[PDB]
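Presented below, as structure tokens, is a lone chain in the form solved without the partner chain.
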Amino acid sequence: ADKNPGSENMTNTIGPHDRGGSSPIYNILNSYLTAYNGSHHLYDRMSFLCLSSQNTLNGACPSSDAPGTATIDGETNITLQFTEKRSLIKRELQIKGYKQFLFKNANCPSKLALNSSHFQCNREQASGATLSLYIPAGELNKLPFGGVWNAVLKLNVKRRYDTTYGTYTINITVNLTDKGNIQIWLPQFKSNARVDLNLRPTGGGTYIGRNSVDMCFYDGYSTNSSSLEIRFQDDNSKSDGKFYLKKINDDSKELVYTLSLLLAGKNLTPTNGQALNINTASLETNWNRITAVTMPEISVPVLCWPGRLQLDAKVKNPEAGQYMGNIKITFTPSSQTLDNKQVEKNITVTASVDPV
């Protein structure tokens, strides 16, 4: 059908793609018709130019008509800046671009650089042209961490050495997950987290203690997840929502403690085995130098939801000795409904009742 060139606004959503795998080719435009007319030949030399030759804000690539009359065969390299939604971190990816001409009586489907001079097919003038844009295989692998990476590609649509018809504004959104790196990060412990309750006698057989453990909940997605499920649980599940330390060498002797959690500005009170479901929108985030669980690498600090877990004990007439228990923390960040895996972290909790 006939088509008159002009400005257009487009949207592309890439993904979700997980950083654990190599990224495949992503088609942004495939032989998209930019212009065509069956009677005249005003569209016999369609060209596409970036707005700047080096500034990647909206895509950097040749910003004027190629000066040589020689046809430039092949594809144009476009360097495009992507900004991660939450972190505001900027990185550049390559987009490949090319045009193809349409002729009424013959076929010359050579790919031409966006900038190229026009040519005739068997002495015939083109009647129109298509535009193709894609992200080459492997480009996303360059990105440093999971998140929502956005770019706005801009190309002016032109009749070579003549009228500029308008601008194509192409919004590209890359949903880059990093599932293998979803984790509960503990700044003070690479492994085997342990806290002692620091019990001290206050007289009358009463013992009081308090300590805390810092953690950060990381979704491998720059905190773009809209909700999280979090739970704290211990061995001694006796079904009363309480947490117990047991005397080493004497399981029958127990010691009760309680938990409170400052989760990114929200004060919570976790009870044994009760899952907490929190909407993410109002939660604060912190930057943490969180490392990869295995691979792929997280090369630069990432956003996460910080939590300070406080353990309190006020205990009456406990028997002297060493006590120990475990807290199993589980975490599941929401998803657009794939439905992420649950991850965990274990904290060894101890306490000494020492009347000295």
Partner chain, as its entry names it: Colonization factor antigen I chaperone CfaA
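Positions refer to the first chain, counted from 1. Take the two forms, find the largest set of C-alpha atoms that superpose within 1.5 Å, and that set is the rigid core.
Asker: Compare the mean C-alpha B-factor of 186 to 194 with that of 124 to 132 as given in the PDB entry, and name the stretch with the higher value.
Answerer: Taking the mean C-alpha B-factor of 186 to 194 and of 124 to 132, the larger value falls to 186 to 194.
Asker: Of the two stretches 224 to 232 and 237 to 245, which shows the higher Cα B-factor on average in the entry?
Answerer: Comparing 224 to 232 with 237 to 245, the higher mean C-alpha B-factor belongs to 237 to 245.
Asker: From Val256, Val148, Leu283, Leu259, can you pick the one with the highest C-alpha B factor in the entry?
Answerer: In the PDB entry, the greatest C-alpha B-factor among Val256, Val148, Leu283, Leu259 is found at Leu283.
Asker: Would you mind ranking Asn27 by its C-alpha B-factor against the rest of the chain and naming the third, lowest, middle or highest?
Answerer: Its C-alpha B-factor, which the entry lists for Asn27, ranks in the highest third among residues of this chain.
Asker: Ordered by C-alpha B-factor within the chain, which third holds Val300? Give me lowest, middle or highest, please.
Answerer: As the PDB entry reports it, the C-alpha B-factor of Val300 lands in the lowest third of its chain.
Asker: Lowest, middle or highest third of the chain for the C-alpha temperature factor of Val356?
Answerer: Its C-alpha B-factor belongs to the highest third of this chain's values.
Asker: Determine, from the deposited record, the chain-internal third of the Cα B-factor for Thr348: lowest, middle or highest.
Answerer: For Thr348, whose C-alpha B-factor we compare with every modelled residue in the chain, the answer is the lowest third.
Asker: So where's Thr294 on the chain's Cα temperature factor ranking, which third?
Answerer: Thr294: CA B-factor falls in the lowest third of its chain.
As for the form deposited with the partner chain bound, it is not shown, yet the points below apply to it.
Asker: Let me test this: is every residue among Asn30, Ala129 and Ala151 within 4.5 Å of the partner chain in the bound PDB entry, going by heavy atom positions?
Answerer: No: no residue has a heavy atom within 4.5 Å of the partner.
Asker: Is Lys328 close to the partner chain in the bound PDB entry, meaning a heavy atom pair under 4.5 Å apart or at it?
Answerer: Taking the distances in the bound PDB entry, the answer for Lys328 is yes, it comes within 4.5 Å of the partner chain.
Asker: Please tell me whether any heavy atom belonging to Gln322 falls inside 4.5 Å of a heavy atom of the partner chain, as the geometry stands in the bound PDB entry.
Answerer: Within the cut-off, so yes.
Asker: So, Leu133 and the partner chain: in the bound PDB entry, are they within 4.5 Å at any heavy atom pair?
Answerer: Contact check for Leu133: no, nothing within 4.5 Å of the partner chain in the bound PDB entry.
Asker: Can you tell me if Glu84 lies within 4.5 angstroms of the partner chain in the bound PDB entry, counting non-hydrogen atoms only?
Answerer: No.
Asker: Counting only non-hydrogen atoms, which stretch in 107 to 115, 120 to 128, 175 to 183, 266 to 274 is within 4.5 Å of the partner chain in the bound PDB entry?
Answerer: Stretch with heavy atoms near the partner: 175 to 183.
Asker: Which residue among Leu197, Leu261, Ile170, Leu140 has a heavy atom within 4.5 angstroms of the partner chain in the bound PDB entry?
Answerer: It is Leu197 that has a heavy atom within 4.5 Å of the partner.
Asker: Check each of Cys304, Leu311, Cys61, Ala35 and return the one that places a heavy atom within 4.5 angstroms of the partner chain in the bound PDB entry.
Answerer: Exactly one listed residue reaches within 4.5 Å, namely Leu311.
Asker: To test your reading of the superposition: with the rigid core aligned, which of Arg160, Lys253, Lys111, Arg91 moves its Cα by 2 angstroms or more between the shown form and the other one?
Answerer: Just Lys253.
Asker: Would you say whether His40 is displaced between the shown form and the other one, judging by a C-alpha shift of 2 Å or more on the superposed rigid core?
Answerer: Superposed on the core, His40 moves its C-alpha less than 2 Å between the shown form and the other one.
Asker: Does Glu124 move appreciably between the shown form and the other one, meaning a CA displacement of 2 Å or more on the superposed rigid core?
Answerer: No; that C-alpha moves by less than 2 Å between the shown form and the other one.
Asker: When you overlay the rigid core, is the Cα of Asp73 off by 2 Å or more between the shown form and the other one?
Answerer: No; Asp73 is a residue whose C-alpha shifts by less than 2 Å between the shown form and the other one when the cores are overlaid.
Asker: Between the shown chain and the other structure, the Cα gap of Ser222 to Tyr26 differs by 3 Å or more. Is it closer or farther in the bound PDB entry?
Answerer: Nearer in the bound PDB entry, by 3 Å or more.
Asker: Distance change of 3 Å or more between the C-alpha atoms of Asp219 and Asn171 in the bound PDB entry: closer or farther compared with this structure?
Answerer: Their C-alpha distance grows by at least 3 Å in the bound PDB entry.
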